[PDB]
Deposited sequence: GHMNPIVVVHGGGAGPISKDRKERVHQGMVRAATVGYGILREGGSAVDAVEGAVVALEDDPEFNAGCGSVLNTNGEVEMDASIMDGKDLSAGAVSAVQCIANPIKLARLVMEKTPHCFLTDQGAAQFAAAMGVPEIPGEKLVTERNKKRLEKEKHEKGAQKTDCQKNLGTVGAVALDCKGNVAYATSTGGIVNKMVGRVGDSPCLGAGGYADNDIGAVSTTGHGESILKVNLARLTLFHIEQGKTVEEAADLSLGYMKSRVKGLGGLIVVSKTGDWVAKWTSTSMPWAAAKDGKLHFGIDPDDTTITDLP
């Protein structure tokens, strides 16, 4: 039975200040720790990836859940998707408001409906039916995001996870507030299977980040898995898939991947991509190209 692995990412963005960098570090380490804590007890890849993304959704330092960027009208609208590589089971929500954890809604769509993808008013009503708390919007809004919007008028922090569990299952989760000053009802790549992520026990799992429009246009996550299918290593596949997005549609971004055999990488063409990985009782972490450290998990 396989050694479990989890990889998590923040946002495929530009330069990050020294200060934000350490806050970003704590939250990523926390999310890797939650996800690996799940796998180390015999939990499922789905459970682990959900666990990690919840930790980042809850953390204000990240563009998902609380700390989501604001749309054009100063409101938080969130997307999330989750997928189980065994049966290709999947759930997703887009343009969801007034809930703490869109990824958990995505999960309820997967397991509690005959559908994969709920949007807006319908996602709100389903959440209500499943007892998910409706919270005031200002709880998701942060001062940092008010400032970013107000300025943009006169990208960063998006979150995701992939895992391989001891039973040989793979999974991904992705969740976002989108891009600042997006139009009302703009859907990005995060809830769209094949773009925001893809997971398949017979290949591996991918979660992506960056310019969502570009990601959707190339189907970045499933494209990366295509390269793995052809026999490329995980790094070669990421290089080639991100390479193609840059050439064809001029978009930058980043991805994490874990293969069916436990190989894994984080790769980006943006300036930075916060990422953490947990395997063999060791924690791997970076933000910039080869600033990587390895540290012991308790």
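Could you sort out which parts of the deposited sequence are absent from the coordinates (no C-alpha) and give them as ranges from 1? Deposited residues absent from the model fall in 1, 156-166.
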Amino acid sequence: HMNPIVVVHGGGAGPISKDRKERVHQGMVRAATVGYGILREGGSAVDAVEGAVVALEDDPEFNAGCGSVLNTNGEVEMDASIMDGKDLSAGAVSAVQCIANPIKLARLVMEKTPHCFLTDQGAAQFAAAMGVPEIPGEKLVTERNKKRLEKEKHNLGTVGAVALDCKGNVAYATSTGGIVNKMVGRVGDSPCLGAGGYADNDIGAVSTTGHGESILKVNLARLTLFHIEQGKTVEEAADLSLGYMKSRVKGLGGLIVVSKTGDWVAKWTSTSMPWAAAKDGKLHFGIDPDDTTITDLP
From here on, numbers count along this sequence of modelled residues.
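Is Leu156 left out in a third or more of the other entries? Yes, a third or more of the compared structures omit it.
According to the deposited model, is the average Cα temperature factor higher in 108-116 or in 205-213? Between 205-213 and 108-116, it is 108-116 that shows the higher mean C-alpha B-factor.
Looking at the entry, does 178-186 or 137-145 show the higher mean C-alpha B-factor? The stretch with the larger mean CA B-factor is 137-145.
Highest Cα temperature factor in the entry, among the options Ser247, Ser270, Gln26, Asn63: which one is it? Highest C-alpha B-factor among the listed options: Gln26.
Which third of the chain does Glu41 land in by C-alpha B-factor: lowest, middle or highest? Within its chain, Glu41 is a highest-third residue by C-alpha B-factor, going by the deposited values.
What third of the chain does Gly196 rank in for C-alpha temperature factor, lowest, middle or highest? Its C-alpha B-factor belongs to the lowest third of this chain's values.
Would you mind checking where the Cα B-factor of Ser94 ranks among the modelled residues of its chain, as the lowest, middle or highest third? Lowest third, going by the recorded CA B-factors of the chain.
Relative to the other modelled residues in the chain, which third contains the C-alpha temperature factor of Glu150: lowest, middle or highest? It falls in the top third of the chain.
Mind checking which third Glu77 falls in for C-alpha B-factor across the chain? Middle third, going by the recorded CA B-factors of the chain.
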